[PDB]
Each structure stands twice: as structure tokens, then as C-alpha cells.
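The block underneath contains the structure these notes are about, expressed in C-alpha cells.
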Amino acid sequence: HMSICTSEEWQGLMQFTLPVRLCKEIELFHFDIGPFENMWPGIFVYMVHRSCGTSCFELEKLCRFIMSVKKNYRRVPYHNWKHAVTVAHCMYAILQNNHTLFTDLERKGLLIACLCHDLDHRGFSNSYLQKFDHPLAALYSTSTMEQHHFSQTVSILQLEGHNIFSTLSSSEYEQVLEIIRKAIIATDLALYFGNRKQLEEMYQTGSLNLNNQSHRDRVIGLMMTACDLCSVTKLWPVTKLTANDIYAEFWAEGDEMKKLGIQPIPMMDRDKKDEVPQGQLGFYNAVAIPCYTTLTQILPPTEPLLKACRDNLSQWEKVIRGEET
Ligand SMILES: Cc1c(N)nc(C2CC2)nc1Cl
Ligand SMILES: [Mg+2]
Ligand SMILES: [Zn+2]
């Protein structure tokens, strides 16, 4: 079952107003929510109200939904409430800059999918769950955690007073749940490689057509990867601090494996931290740079993400060369 927020929590959120000085900052792709922890639920309400409107959702239901989602993120080093709001902010910046390409249903579904995309993450990878035959891997054979995050999103919507989508027609309700399911499953990095390869081929051959639902689904999937990996698009000190959290979580998985008698892969071994800069250079070359390159080709307003990713790749190269630590 899903944890539920308290009345004090959602009522407090209903009263929040964003300081006007932050309006200019929140619109920027490089915005880092880090320094504003108490404002994170309020920043999410602000982004939903800007993209979709103050009357898109019943305010009481939206505040209960957000505070219950926060309560169902766990105290893990990386896949936590901060990550959820960071990914939702990147989606907000992408949607704001490509507004007319997305329907009202898609913008509301994608912001909610981003806030919920790692719901109830336990700090263990799909690799761990599958290798050790965890019951989640029996229920969900592929994209294990992602299917769980979607099931948890539906469970929160089913809590009394939390169904923010109940006012949609029956056809739009089904459509928004499908947008959310596909977007959350797209955050499984195993699916990204094939998705990006298909999109690059569609773009290069001139067959990419945003009026085609299957092509829209793929573009949305790439947008979800771009948002999920957006710590690589922040200013260097922020990118480096988030990388410490990414590895702290993977090292705890590696420690658990060692206790269970299985040697972890080097990335998850805290005794192999010296290999992190080369691991990051590999991740940027194989995953991040191609992701933002293809995204910028399809959605030119997203170019700042690619520029920042390239800047951070250069910083990791400087670390390898001993110019930075
Ligand atoms: C964003 C992100 C991510 N999801 N996973 C990694 C693995 C340690 C390589 N690095 C980054 Cl930078
Ligand atoms: Mg995830
Ligand atoms: Zn994530």
C-alpha cells in the first residue's frame, strides 16, 4: 500500500506562492533546484500551473497528490524526491520551449510522469532484481523497476481525493494513463539505445513525422531519457555533486551484493572509486552525448542541454588529465 500525506502537508502546499525572482530562473534549462528544498513541492505546482493552467487540476487534489508522491519516495542517495523534482523541472523547460508541439493532455501527463517516474525506488537496479530473482523481477520480467513505478503512480491516483485525472473524459483518462505508462517505461535505459537509433534513422532519412503517434511516442521517450539524465546538463559543480549521489547509491548496491557473496561490477564497487572519471567519460560518450545530440536535432530549442552536456564531458576529460579533481 501507498503512504499518504497528512492534512497539514497538503494544506501548507495550497498556500505556497513562488517568489517572483525565481520566475526568470525556473525557465532556464540549467536551473538547479538544489538550494530551494522547502520550495520543491511548490515549484512543481508552479510548473504545472504555468504549462497547463490553474484550472487544469482541482487544487486540493493536486496538492494531496504531490505530497503523497513525496512521501512514497524513499531515503536513498539518488532515486529520491530531489531527483523526481529535478527531472520534472527539465521536462517543464523542454515543454515550455516547444509548447505548441504537445497537446494539453501530453503536457499534463508528462509533468506528472516525470514527478512519478522513480516512485518507491528501493536503491536497487533492474540488474540486481533480475540476477537475484527478486519477486518484482517475476512480476515484471523486463523494465522491472519502471513497471513498478507506473503501478505505484496508479496506486496513488486510486487514493481517496488524489485522482487528479478524474475530470478528464473516459477516453482522455485512458489516453493520459497510456502517455504516463509509456513515458515511465521509456526511462529504462536498456530501451533508450534502440529508441535513439530509430529516431536518428527517422530524422536522417526525413521520415520523422510528429503527426504519427508511433513517432511521437519515440520523441517523448527520448525527452524522458533527456530529463532523467539532466544532472549531466547542469553547471559543473552541480553535475559533480549529483554524480557523488549516483555513485553513493550504486556503492550501497555493491555492498549488499558483497554481503550476499557476489562481487559487484566495478562501477558499483566503492573500493574502485578511482575508476569513476573513466566511467563517466564512457557514460557521456555512449549515452548522454548521443541522447542530447538526437534531441537537439528533433527539437532545436533544446540545444542548451547539449551545450551543457559537452561542457561537462570536457570537465570529466580534465579530471582524467589531472587538471581537476
Ligand atoms: C545520470 C547518470 C546515470 N543515470 N548513471 C550513471 C552511471 C554511473 C555511470 N551516470 C550518470 Cl551521470
Ligand atoms: Mg528509473
Ligand atoms: Zn530517474
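By convention here, the chains of the C-alpha cells are called A, B, ... in the order presented, each chain's residues are numbered starting at 1, and ligands are numbered starting at 1 in the order presented.
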Which residues, written as a PDB file with N, CA, C and O atoms, in the first residue's frame, have at least one atom at most 6 Å from segment 308-320 of chain A, with only C-alpha atoms counted and residues fewer than 3 positions away on the same chain left out?
ATOM      1  N   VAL A 232      23.611  15.782 -15.949  1.00  0.00           N
ATOM      2  CA  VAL A 232      24.782  15.977 -16.803  1.00  0.00           C
ATOM      3  C   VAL A 232      24.694  17.294 -17.588  1.00  0.00           C
ATOM      4  O   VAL A 232      25.632  17.614 -18.317  1.00  0.00           O
ATOM      5  N   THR A 233      23.600  18.072 -17.445  1.00  0.00           N
ATOM      6  CA  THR A 233      23.410  19.328 -18.192  1.00  0.00           C
ATOM      7  C   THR A 233      23.425  20.559 -17.268  1.00  0.00           C
ATOM      8  O   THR A 233      23.064  21.666 -17.703  1.00  0.00           O
ATOM      9  N   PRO A 277      36.042   8.700 -13.028  1.00  0.00           N
ATOM     10  CA  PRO A 277      36.174   9.632 -14.158  1.00  0.00           C
ATOM     11  C   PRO A 277      36.119   8.938 -15.519  1.00  0.00           C
ATOM     12  O   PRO A 277      35.419   9.418 -16.419  1.00  0.00           O
ATOM     13  N   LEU A 305      20.826  22.086 -23.570  1.00  0.00           N
ATOM     14  CA  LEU A 305      21.137  20.819 -22.890  1.00  0.00           C
ATOM     15  C   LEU A 305      22.389  20.148 -23.465  1.00  0.00           C
ATOM     16  O   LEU A 305      23.257  19.669 -22.713  1.00  0.00           O
ATOM     17  N   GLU A 323      43.844  17.859 -14.332  1.00  0.00           N
ATOM     18  CA  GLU A 323      43.624  19.316 -14.293  1.00  0.00           C
ATOM     19  C   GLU A 323      42.557  19.693 -13.288  1.00  0.00           C
ATOM     20  O   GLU A 323      42.512  20.841 -12.842  1.00  0.00           O
ATOM     21  N   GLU A 324      41.676  18.735 -12.949  1.00  0.00           N
ATOM     22  CA  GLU A 324      40.590  18.917 -11.997  1.00  0.00           C
ATOM     23  C   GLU A 324      40.422  17.642 -11.176  1.00  0.00           C
ATOM     24  O   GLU A 324      40.777  16.561 -11.647  1.00  0.00           O
ATOM     25  N   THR A 325      39.904  17.765  -9.946  1.00  0.00           N
ATOM     26  CA  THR A 325      39.651  16.613  -9.068  1.00  0.00           C
ATOM     27  C   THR A 325      38.225  16.672  -8.524  1.00  0.00           C
ATOM     28  O   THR A 325      37.538  17.680  -8.703  1.00  0.00           O
TER      29      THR A 325
END
Checklist entry - Would you name the residues within 12 Å of ligand 3, counting only C-alpha atoms and all ligand atoms, and put them as an NGL selection string? => result :A and (73 or 78-88 or 90 or 113-121 or 123 or 125 or 145-146 or 149 or 183-189 or 224-231 or 246)
I need the chosen residues saved as a CSV table (one decimal), in the first residue's frame, with N, CA and C atoms.
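Produced file out_4.csv, reproduced below:
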chain,number,residue,atom,x,y,z
A,73,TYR,N,8.6,8.5,-2.0
A,73,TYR,CA,10.0,8.4,-2.5
A,73,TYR,C,10.7,8.0,-1.2
A,78,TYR,N,20.2,8.7,-4.3
A,78,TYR,CA,19.9,9.3,-5.6
A,78,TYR,C,18.5,9.3,-6.1
A,79,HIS,N,17.8,8.1,-6.1
A,79,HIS,CA,16.5,8.0,-6.7
A,79,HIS,C,15.5,8.4,-5.7
A,80,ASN,N,15.5,9.7,-5.3
A,80,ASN,CA,14.7,10.2,-4.3
A,80,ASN,C,13.8,11.4,-4.8
A,81,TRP,N,13.1,12.0,-3.8
A,81,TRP,CA,12.3,13.2,-4.1
A,81,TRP,C,13.0,14.3,-4.9
A,82,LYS,N,14.3,14.6,-4.5
A,82,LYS,CA,15.0,15.7,-5.2
A,82,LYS,C,15.1,15.3,-6.7
A,83,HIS,N,15.5,14.0,-7.0
A,83,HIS,CA,15.6,13.6,-8.4
A,83,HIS,C,14.3,13.8,-9.1
A,84,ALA,N,13.2,13.4,-8.5
A,84,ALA,CA,11.9,13.5,-9.1
A,84,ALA,C,11.6,14.9,-9.6
A,85,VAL,N,11.8,15.9,-8.6
A,85,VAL,CA,11.5,17.3,-9.0
A,85,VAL,C,12.5,17.8,-10.0
A,86,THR,N,13.8,17.4,-10.0
A,86,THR,CA,14.8,17.8,-11.0
A,86,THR,C,14.4,17.3,-12.4
A,87,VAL,N,13.9,16.1,-12.5
A,87,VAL,CA,13.5,15.5,-13.8
A,87,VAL,C,12.3,16.3,-14.3
A,88,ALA,N,11.3,16.5,-13.3
A,88,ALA,CA,10.1,17.3,-13.7
A,88,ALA,C,10.5,18.7,-14.2
A,90,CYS,N,13.3,19.6,-15.7
A,90,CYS,CA,13.8,19.6,-17.1
A,90,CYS,C,12.7,19.4,-18.1
A,113,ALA,N,4.2,12.2,-15.1
A,113,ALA,CA,5.1,11.1,-15.3
A,113,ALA,C,6.5,11.4,-14.8
A,114,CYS,N,7.0,12.6,-15.0
A,114,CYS,CA,8.4,12.9,-14.5
A,114,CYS,C,8.4,12.9,-13.0
A,115,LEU,N,7.4,13.5,-12.3
A,115,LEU,CA,7.4,13.5,-10.9
A,115,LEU,C,7.3,12.1,-10.3
A,116,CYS,N,6.6,11.2,-11.0
A,116,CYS,CA,6.4,9.8,-10.5
A,116,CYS,C,7.3,8.8,-11.1
A,117,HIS,N,8.2,9.1,-12.0
A,117,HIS,CA,9.0,8.1,-12.8
A,117,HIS,C,9.9,7.2,-12.0
A,118,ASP,N,10.3,7.5,-10.7
A,118,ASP,CA,11.1,6.7,-9.9
A,118,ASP,C,10.4,6.4,-8.6
A,119,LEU,N,9.1,6.5,-8.5
A,119,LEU,CA,8.3,6.2,-7.3
A,119,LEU,C,8.6,4.9,-6.6
A,120,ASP,N,8.9,5.0,-5.3
A,120,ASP,CA,9.2,3.8,-4.5
A,120,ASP,C,10.4,3.1,-4.9
A,121,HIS,N,11.4,3.8,-5.5
A,121,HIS,CA,12.7,3.2,-5.8
A,121,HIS,C,13.4,2.7,-4.5
A,123,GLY,N,16.6,1.7,-4.3
A,123,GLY,CA,18.0,1.9,-4.4
A,123,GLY,C,18.8,0.7,-5.0
A,125,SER,N,19.1,-1.7,-8.7
A,125,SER,CA,18.9,-1.7,-10.1
A,125,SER,C,18.1,-2.9,-10.6
A,145,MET,N,11.8,-2.2,-12.5
A,145,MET,CA,11.5,-1.1,-11.7
A,145,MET,C,10.6,-0.1,-12.3
A,146,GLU,N,10.7,0.1,-13.6
A,146,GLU,CA,9.8,1.0,-14.3
A,146,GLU,C,8.4,0.6,-14.3
A,149,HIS,N,7.3,1.5,-10.9
A,149,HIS,CA,7.0,2.9,-10.7
A,149,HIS,C,5.6,3.3,-11.3
A,183,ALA,N,5.8,6.8,-21.0
A,183,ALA,CA,6.9,7.7,-20.6
A,183,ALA,C,7.7,7.1,-19.5
A,184,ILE,N,7.1,6.5,-18.5
A,184,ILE,CA,7.8,5.9,-17.3
A,184,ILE,C,8.6,4.7,-17.8
A,185,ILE,N,8.0,3.8,-18.7
A,185,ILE,CA,8.8,2.7,-19.2
A,185,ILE,C,10.0,3.2,-20.0
A,186,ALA,N,9.8,4.3,-20.7
A,186,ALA,CA,10.9,4.8,-21.5
A,186,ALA,C,12.2,5.2,-20.7
A,187,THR,N,12.0,5.4,-19.4
A,187,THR,CA,13.1,5.7,-18.5
A,187,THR,C,14.0,4.5,-18.2
A,188,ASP,N,13.7,3.3,-18.7
A,188,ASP,CA,14.5,2.2,-18.6
A,188,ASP,C,15.6,2.4,-19.7
A,189,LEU,N,16.9,2.7,-19.2
A,189,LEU,CA,18.0,3.0,-20.1
A,189,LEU,C,18.2,1.8,-21.1
A,224,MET,N,12.0,11.8,-22.2
A,224,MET,CA,12.1,11.3,-20.8
A,224,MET,C,13.6,10.9,-20.5
A,225,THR,N,14.3,10.3,-21.4
A,225,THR,CA,15.7,10.0,-21.1
A,225,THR,C,16.5,11.3,-20.8
A,226,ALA,N,16.3,12.3,-21.7
A,226,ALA,CA,17.0,13.6,-21.6
A,226,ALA,C,16.7,14.2,-20.2
A,227,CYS,N,15.4,14.1,-19.7
A,227,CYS,CA,15.1,14.7,-18.4
A,227,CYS,C,15.7,13.8,-17.3
A,228,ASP,N,15.7,12.5,-17.4
A,228,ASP,CA,16.2,11.6,-16.4
A,228,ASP,C,17.7,11.8,-16.2
A,229,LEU,N,18.4,12.1,-17.3
A,229,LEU,CA,19.9,12.2,-17.2
A,229,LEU,C,20.3,13.7,-17.0
A,230,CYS,N,19.4,14.6,-16.8
A,230,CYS,CA,19.7,16.0,-16.9
A,230,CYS,C,20.7,16.5,-15.8
A,231,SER,N,21.1,15.7,-14.8
A,231,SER,CA,22.2,16.2,-13.9
A,231,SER,C,23.4,16.4,-14.8
A,246,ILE,N,24.8,9.6,-7.2
A,246,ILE,CA,24.6,8.5,-8.1
A,246,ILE,C,25.4,7.3,-7.7
Next on the checklist: My list of candidates is A:3, A:162, A:127, A:138. Which is closest to residue 70 of chain A when distances are computed with only C-alpha atoms?
Outcome noted: A:3
Next on the checklist: Please return as a VMD selection string the residues found within 9 Å of ligand 1, counting only C-alpha atoms and all ligand atoms.
Outcome noted: chain A and resid 189 228 to 232 239 to 240 242 to 243 246 to 247 250 267 to 268 276 279 to 284 287 to 288
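Non-sequential neighbours of residue 99 of chain A (distance at most 12 Å, separation of 5 or more positions within a chain, only C-alpha atoms) are residues 50, 51, 52, 91, 92, 93, 94, 104, 106, 107, 108, 299 and 301 of chain A.
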Next on the checklist: Taking the DSSP secondary structure from the backbone, can you list the residues of segment 165-210 of chain A that are helix (DSSP H, G or I), as a PyMOL selection string?
Outcome noted: chain A and resi 170-186+189-204
Item to check | Who sits within 10 Å of residue 126 of chain A, only C-alpha atoms, same chain under 2 positions skipped, as a list in words | outcome: residues 124, 128, 129, 130, 131, 134, 136, 137, 140, 141, 142, 143, 144, 145, 146, 188 and 190 of chain A
Generate the output file for the selected residues, N, CA and C atoms, as a CSV table (one decimal), in the first residue's frame.
chain,number,residue,atom,x,y,z
A,124,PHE,N,18.0,-0.2,-5.7
A,124,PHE,CA,18.5,-1.4,-6.4
A,124,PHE,C,18.1,-1.4,-7.9
A,128,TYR,N,20.2,-6.1,-10.4
A,128,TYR,CA,20.2,-6.8,-9.1
A,128,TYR,C,18.9,-7.6,-8.9
A,129,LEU,N,17.7,-7.0,-9.2
A,129,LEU,CA,16.5,-7.7,-9.1
A,129,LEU,C,16.4,-8.9,-9.9
A,130,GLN,N,16.9,-8.8,-11.2
A,130,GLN,CA,16.8,-9.9,-12.1
A,130,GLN,C,17.8,-11.0,-11.8
A,131,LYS,N,19.1,-10.6,-11.5
A,131,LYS,CA,20.2,-11.6,-11.2
A,131,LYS,C,19.8,-12.4,-9.9
A,134,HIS,N,14.4,-11.5,-7.6
A,134,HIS,CA,13.5,-10.8,-6.6
A,134,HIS,C,12.1,-11.0,-7.1
A,136,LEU,N,9.8,-8.8,-7.7
A,136,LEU,CA,9.5,-7.8,-8.7
A,136,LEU,C,9.9,-8.2,-10.1
A,137,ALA,N,11.0,-9.0,-10.2
A,137,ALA,CA,11.5,-9.5,-11.5
A,137,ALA,C,10.7,-10.6,-12.1
A,140,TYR,N,7.5,-8.4,-13.2
A,140,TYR,CA,7.9,-7.6,-14.3
A,140,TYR,C,9.2,-8.1,-14.9
A,141,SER,N,9.2,-9.0,-15.9
A,141,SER,CA,10.4,-9.6,-16.5
A,141,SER,C,11.4,-8.6,-17.1
A,142,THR,N,10.9,-7.5,-17.7
A,142,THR,CA,11.8,-6.5,-18.3
A,142,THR,C,11.4,-5.2,-17.8
A,143,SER,N,12.2,-4.2,-17.8
A,143,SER,CA,11.9,-2.8,-17.2
A,143,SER,C,11.2,-3.0,-15.9
A,144,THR,N,11.8,-3.8,-15.0
A,144,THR,CA,11.3,-4.2,-13.7
A,144,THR,C,10.9,-3.1,-12.9
A,145,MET,N,11.8,-2.2,-12.5
A,145,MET,CA,11.5,-1.1,-11.7
A,145,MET,C,10.6,-0.1,-12.3
A,146,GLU,N,10.7,0.1,-13.6
A,146,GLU,CA,9.8,1.0,-14.3
A,146,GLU,C,8.4,0.6,-14.3
A,188,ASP,N,13.7,3.3,-18.7
A,188,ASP,CA,14.5,2.2,-18.6
A,188,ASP,C,15.6,2.4,-19.7
A,190,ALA,N,17.8,0.6,-20.8
A,190,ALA,CA,18.0,-0.5,-21.8
A,190,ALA,C,17.2,-0.2,-23.1
Item to check | Using only C-alpha atoms and all ligand atoms: which of A:168, A:262, A:150, A:155 has the shortest distance to ligand 2 | outcome: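 Among the listed residues, A:150 lies closest to ligand 2.
Going from atom CA of residue 219 of chain A over to atom CA of residue 24 of chain A, you cover 27.1 Å.
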Checklist entry - Which one of A:40, A:122, A:68, A:307 sits closest to ligand 2 if you count only C-alpha atoms and all ligand atoms? => result A:122
Item to check | Shortest interatomic distance to residue 25 of chain A - which of A:43, A:76, A:211, A:220, counting only C-alpha atoms | outcome: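 Of A:43, A:76, A:211, A:220, the one nearest residue 25 of chain A, counting only C-alpha atoms, is A:43.
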Checklist entry - Which residues come within 10 Å of residue 297 of chain A, counting only C-alpha atoms, excluding same-chain residues fewer than 5 positions away, as a PyMOL selection string? => result chain A and resi 199-200+203-204+292+302-303
Using N, CA, C and O atoms, can you export the residues from the last selection as a short mmCIF file (atom, residue, chain, number, x, y, z; two decimals), in the first residue's frame?
data_model
loop_
_atom_site.label_atom_id
_atom_site.label_comp_id
_atom_site.auth_asym_id
_atom_site.auth_seq_id
_atom_site.Cartn_x
_atom_site.Cartn_y
_atom_site.Cartn_z
N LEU A 199 15.19 6.85 -33.86
CA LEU A 199 14.92 8.26 -34.09
C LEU A 199 15.94 8.89 -35.01
O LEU A 199 15.57 9.71 -35.85
N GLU A 200 17.23 8.55 -34.83
CA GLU A 200 18.31 9.08 -35.67
C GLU A 200 18.05 8.68 -37.12
O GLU A 200 18.16 9.54 -37.99
N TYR A 203 15.03 10.68 -38.50
CA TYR A 203 15.46 12.06 -38.73
C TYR A 203 16.34 12.18 -39.98
O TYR A 203 16.05 13.03 -40.83
N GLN A 204 17.39 11.34 -40.09
CA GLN A 204 18.34 11.35 -41.22
C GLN A 204 17.71 11.08 -42.58
O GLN A 204 18.12 11.68 -43.57
N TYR A 292 21.45 13.86 -26.15
CA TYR A 292 21.19 15.28 -26.36
C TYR A 292 21.44 15.72 -27.80
O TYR A 292 20.80 16.67 -28.25
N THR A 302 16.05 22.73 -27.60
CA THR A 302 16.73 22.02 -26.50
C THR A 302 18.26 22.08 -26.59
O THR A 302 18.94 21.46 -25.77
N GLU A 303 18.81 22.81 -27.57
CA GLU A 303 20.27 22.94 -27.75
C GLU A 303 21.07 23.26 -26.44
O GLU A 303 22.15 22.67 -26.24
#
Give me the residues within 10 Å of residue 16 of chain A as a compact mmCIF listing (two decimals) with N, CA and C atoms, in the first residue's frame, counting only C-alpha atoms and dropping any in the same chain fewer than 4 places off.
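After the write, part_9.txt holds the following:
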# COMPACT_ATOMS: atom_id res chain seq x y z
N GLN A 11 -2.32 21.05 2.92
CA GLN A 11 -2.89 22.40 3.15
C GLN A 11 -1.80 23.48 3.09
N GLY A 12 -0.63 23.16 3.62
CA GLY A 12 0.53 24.06 3.57
C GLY A 12 0.94 24.34 2.13
N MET A 39 10.90 24.62 -1.03
CA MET A 39 10.05 25.10 -2.13
C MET A 39 9.80 24.02 -3.19
N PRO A 41 7.96 21.12 -3.59
CA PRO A 41 6.56 20.82 -3.97
C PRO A 41 5.87 22.03 -4.63
N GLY A 42 6.14 23.22 -4.11
CA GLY A 42 5.59 24.46 -4.64
C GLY A 42 6.08 24.79 -6.03
N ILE A 43 7.37 24.48 -6.29
CA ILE A 43 7.96 24.68 -7.62
C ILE A 43 7.22 23.77 -8.61
N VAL A 45 4.05 22.66 -8.34
CA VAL A 45 2.70 23.23 -8.56
C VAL A 45 2.84 24.41 -9.55
N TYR A 46 3.84 25.28 -9.33
CA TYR A 46 4.06 26.43 -10.20
C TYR A 46 4.26 25.99 -11.65
Next on the checklist: I'd like the interatomic distance between atom CA of residue 207 of chain A and atom CA of residue 195 of chain A, to a tenth of an Å.
Outcome noted: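 Between atom CA of residue 207 of chain A and atom CA of residue 195 of chain A the gap is 14.9 Å.
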Next on the checklist: Using only C-alpha atoms and all ligand atoms for the distances, tell me which of A:63, A:214, A:191, A:234 is nearest to ligand 2.
Outcome noted: A:191
Checklist entry - So how far away is atom CA of residue 222 of chain A from atom CA of residue 98 of chain A, in Å? => result 14.3 Å
Item to check | Distance query residue 304 of chain A at most 9 Å, only C-alpha atoms, self and fewer than 6 positions along chain excluded, as a ChimeraX atom specification | outcome: /A:29-30,233,296
